[PDB]
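Written out below as structure tokens is the structure these notes cover.
Throughout, protein chains are lettered first and strands after them, A, B, ... in sequence-line order, and every chain is numbered starting at 1.
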Amino acid sequence: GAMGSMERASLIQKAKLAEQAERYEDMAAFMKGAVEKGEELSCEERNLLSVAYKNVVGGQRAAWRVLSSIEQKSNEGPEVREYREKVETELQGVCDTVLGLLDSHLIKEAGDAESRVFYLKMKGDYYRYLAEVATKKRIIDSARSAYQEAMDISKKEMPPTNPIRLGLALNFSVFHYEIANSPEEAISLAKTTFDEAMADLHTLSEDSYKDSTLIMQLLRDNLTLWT
Amino acid sequence: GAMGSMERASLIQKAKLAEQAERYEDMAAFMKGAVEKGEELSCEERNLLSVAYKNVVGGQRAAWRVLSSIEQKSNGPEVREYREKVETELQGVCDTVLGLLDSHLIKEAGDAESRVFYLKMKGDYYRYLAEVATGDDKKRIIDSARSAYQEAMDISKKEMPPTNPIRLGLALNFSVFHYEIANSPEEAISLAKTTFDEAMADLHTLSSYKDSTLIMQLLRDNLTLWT
Amino acid sequence: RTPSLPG
Amino acid sequence: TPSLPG
Ligand SMILES: *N1CCC[C@@H]1[C@@H](c1ccccc1)c1cccc(OC)c1
Ligand SMILES: *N1CCC[C@@H]1[C@@H](c1ccccc1)c1cccc(OC)c1
Ligand SMILES: [Cl-]
Ligand SMILES: [Cl-]
Ligand code: NA
Ligand code: NA
Ligand code: NA
Ligand code: NA
């Protein structure tokens with residue numbers, strides 16, 4: 001591929017420059033090339049990979065929603081459907097790319113808990129994005145299975161305040177509410193996650209307290225929205 | 001030529017959808033396809049073309065400026081390499097726009113307003129090339145920008161009143177070219193001043209007053225910065 | 001939709 | 001220096 005002749009460290013460096021320039025397609029392509037060197041990603045590198053693709057797919061999802069709304073209104077020529085399909089196909093291509101990187105390179109049995117949960121959460125997220133545009137049962141179950149494996153690891157190997165564990169619970173609860181037609185489960189998960197983190201905040205330094213409480217606040221925002 | 005099989009009217013429709021979805025690369029590609037049908041553009045369509053490409057090139061210019069700033073401060077090869085990558089993509093977009101204007105928007109333009117609009121646009125896109133060019137190539141680009149702007153100036157003085165907003169915006173951009181690109185601040189000031197005074201004389205005959213006065217203040221801001 | 005993790 | 005904003 002186009003990144004095969006570039007040094008791993010240069011790909012990482014350019015991913016950081018692309019982020020500074022808000023060139024997220026480039027950032028994602030550099031991080032993909034770095035993944036393809038076959039070495040594990042550090043914590044910082046995992047965050048670069050995630051930010052890059054989040055921004056790419058985020059723009060596609062937002063455009064898909066705009067076009068789908070226009071299409072739904074026009075349904076009370078073929079152009080609106082054609083263009084919504086074009087954006088949808090590009091979005092699915094990016095999700096397939098990410099899921100491919102996760103399955104071929106990043107998801108392993110032998111990881112530390114922090115990386116294993118991070119990547120399984122990511123798998124759940126990208127199946128969830130595919131589910132948003134599908135018309136779906138099998139994609140929904142793939143997202144559920146990935147989130148559930150991540151949840152099982154996170155409850156056994158991480159404290160209830162761990163920010164990766166908290167963000168996984170936040171997104172799995174959104175999955176329950178928005179995708180899986182399970183709002184009661186979504187609310188229960190957000191509640192118990194918030195309460196179990198609250199009870200352990202006293203163990204945290206000032207820095208860890210900030211990281212954990214910021215995600216707890218997001219859980220509470222969703223809880224107060226939903227109830 | 002990827003748009004060659006799509007109806008002109010469908011391309012215009014999709015350009016407008018792309019704008020609503022903030023998909024400006026798509027919007028520009030659709031408008032390029034429409035231009036390549038070989039028919040004149042309406043005023044609305046000319047504005048769609050300009051908005052689409054300005055959003056694309058504007059993002060590239062901003063990224064190039066971010067990277068160039070990091071490069072200046074750093075003074076490995078990575079910053080330069082990535083700046084050059086963005087630079088080449090920006091040059092490609094400008095070459096694309098210039099190719100549409102030369103094949104054959106300018107020569108086919110059916111009225112003075114459209115001809116000036118396109119010749120100004122030619123000056124602008126050579127100016128964007130000049131911002132990143134060096135050496136003898138920069139000197140040729142600068143002469144090309146000046147020649148396009150000057151042809152637009154000649155037409156607008158013969159065919160448009162001095163308050164005409166298109167004429168005023170041409171003078172604004174040509175004066176910016178003199179000051180920022182051609183190292184000719186005295187030409188920049190003289191042009192902005194003459195344009196300002198000749199429009200001011202006719203402000204009382206206008207309904208339009210809002211439009212012309214807005215661009216006069218843009219000329220004034222530059223004069224204040226420059227004097 | 002409900003907001004997910006912003007990062 | 002700013003050019004025409006559109
Ligand atoms: N979300 C998941 C991984 C990447 C992103 C993180 C992050 C980005 C950049 C550096 C470190 C971490 C992120 C960003 C902003 C907020 C959160 O949690 C609320 C997470
Ligand atoms: N700048 C040059 C052509 C496109 C843009 C115009 C415009 C955009 C959209 C519809 C009509 C015109 C524009 C936009 C805003 C301000 C100005 O000049 C002040 C010009
Ligand atoms: Cl399409
Ligand atoms: Cl590069
Ligand atoms: Na290689
Ligand atoms: Na129950
Ligand atoms: Na509430
Ligand atoms: Na380096």
For this session: If a pair satisfies salt bridge (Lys or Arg N to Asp or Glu O under 4.0 Å) and one of its residues is in residues 97-111 of chain B, list it, with sequence neighbours excluded.
Result: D102(B)-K122(B)

Problem set entry | Side chains of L41(B) and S114(B) in contact at under 4.5 Å (non-hydrogen atoms) | no

Exercise. Is the shortest distance from a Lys or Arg side-chain nitrogen in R127(B) or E180(B) to a carboxylate oxygen in the other one below 4.0 Å?
Worked result: no

Exercise. Can you check whether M121(B) reaches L105(B) side chain to side chain, under 4.5 Å on heavy atoms?
Worked result: no

Problem set entry | Atom NZ of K155(A): over 12 foreign heavy atoms under 6.0 Å | no

Just distance, no hydrogens or angles: give the donor-acceptor pairs under 3.5 Å from side chains in residues 167-176 of chain A, sequence neighbours left out.
residue	atom	partner	partner atom	Å
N171(A)	OD1	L5(C)	N	2.9
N171(A)	ND2	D125(A)	OD1	2.9
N171(A)	ND2	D125(A)	OD2	3.4
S173(A)	OG	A169(A)	O	3.2
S173(A)	OG	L170(A)	O	2.8

Exercise. Between atom NZ of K32(A) and atom CG of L49(A), what is the distance when rounded to the nearest 0.5 Å?
Worked result: 11.0 Å

Exercise. Stepwise, does the side chain to side chain contact (heavy atoms under 4.5 Å, CB included) test hold for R115(B) with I106(B)?
Worked result: CA-CA 6 Å; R115(B) 210 185 149 80; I106(B) 289 166; 3.7 Å; yes

Exercise. Would a 4.5 Å heavy-atom cut-off, applied to side chains only, mark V117(A) and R165(A) as touching?
Worked result: no

For this session: Could you tell me the separation between the CG atom of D96(A) and the CG atom of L130(A), rounded to the nearest 0.5 Å?
Result: 6.0 Å

Exercise. Side chain to side chain contact (heavy atoms under 4.5 Å, CB included) with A62(B): which residues, sequence neighbours excluded?
Worked result: none

Exercise. When rounded to the nearest 0.5 angstrom, what is the spacing between CE in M27(A) and CG in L48(A)?
Worked result: 4.5 Å

For this session: Start with the C-alpha gap between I187(A) and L223(A), add the side-chain angles, then the distance that decides, and say whether side chain to side chain contact (heavy atoms under 4.5 Å, CB included) holds.
Result: CA-CA 6 Å; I187(A) 290 162; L223(A) 271 170; 3.8 Å; yes

Exercise. Nearest 0.5 Å, what's the CD-CE distance between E196(A) and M216(A)?
Worked result: 11.0 Å

Exercise. Got a sec, which residues hit ring-ring contact (aromatic ring centres under 6.0 Å, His included) with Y128(B), two or more places apart in sequence or on another chain?
Worked result: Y125(B)

Problem set entry | Side chain to side chain, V97(B) and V57(B), heavy atoms closer than 4.5 Å | no

For this session: Indicate the atoms forming the closest heavy-atom contact of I139(A) with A131(A), along with that distance.
Result: CG2-N, 3.6 Å

For this session: Using a strict 4.0 Å threshold on nitrogen-to-oxygen distance, state whether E44(A) and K16(A) make a salt bridge.
Result: yes

Problem set entry | Evaluation steps, side chain to side chain donor-acceptor pair (under 3.5 Å), between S68(B) and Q72(B) | CA-CA 6 Å; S68(B) 185; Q72(B) 318 312 5; 2.8 Å; yes

Exercise. Once you round to the nearest 0.5 Å, how far does CG of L101(B) lie from NZ of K120(B)?
Worked result: 10.5 Å

Exercise. Yes or no on side chain to side chain contact (heavy atoms under 4.5 Å, CB included) for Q13(B) and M6(B), after CA distance, side-chain angles and deciding distance?
Worked result: CA-CA 11 Å; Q13(B) 185 178 0; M6(B) 205 187 308; over 6 Å; no

For this session: Work out which heavy atom in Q20(B) is nearest to a heavy atom in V66(A); give both atom names and the distance.
Result: O-CG1, 3.8 Å

Exercise. Are the charged groups of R81(A) and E85(A) less than 4.0 angstrom apart, N to O?
Worked result: yes

Exercise. Is there a side-chain contact between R8(B) and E45(B) (heavy atoms, below 4.5 Å)?
Worked result: yes

Problem set entry | Validation row: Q92(A), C95(A) side chains within 4.5 angstrom (heavy atoms) | no

Problem set entry | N162(A) and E114(A) side chains, donor-acceptor separation under 3.5 Å | no

Exercise. How far does CG of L214(A) sit from CG of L219(A), to the nearest 0.5 angstrom?
Worked result: 11.5 Å

Exercise. Does the side chain of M31(A) reach to within under 4.5 Å of the side chain of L101(A), using non-hydrogen atoms?
Worked result: no

For this session: Salt-bridge test for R23(B) and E90(A): reply yes if a basic N is under 4.0 Å from a carboxylate O, no otherwise.
Result: yes

Exercise. Do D221(A) and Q217(A) have side-chain atoms, one donor and one acceptor, less than 3.5 Å apart?
Worked result: no

Exercise. Does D195(A) have any side chain to side chain contact (heavy atoms under 4.5 Å, CB included) partners at least two apart in sequence or in another chain, and if so, which?
Worked result: none

Problem set entry | Chi angles and distances behind the side chain to side chain contact (heavy atoms under 4.5 Å, CB included) call for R1(C), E132(A) | CA-CA 10 Å; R1(C) 286 199 188 273; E132(A) 291 178 342; 3.8 Å; yes

Exercise. Any side-chain heavy-atom pair from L168(B) and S212(B) closer than 4.5 angstrom?
Worked result: yes

Seminar exercise, completed: Heavy atoms of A112(B) and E159(B) approach each other most closely as CB-CB, 3.5 Å

For this session: Sequence neighbours left out, what pairs pass ring-ring contact (aromatic ring centres under 6.0 Å, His included) with at least one residue falling in residues 23-58 of chain B?
Result: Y83(A)-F30(B)

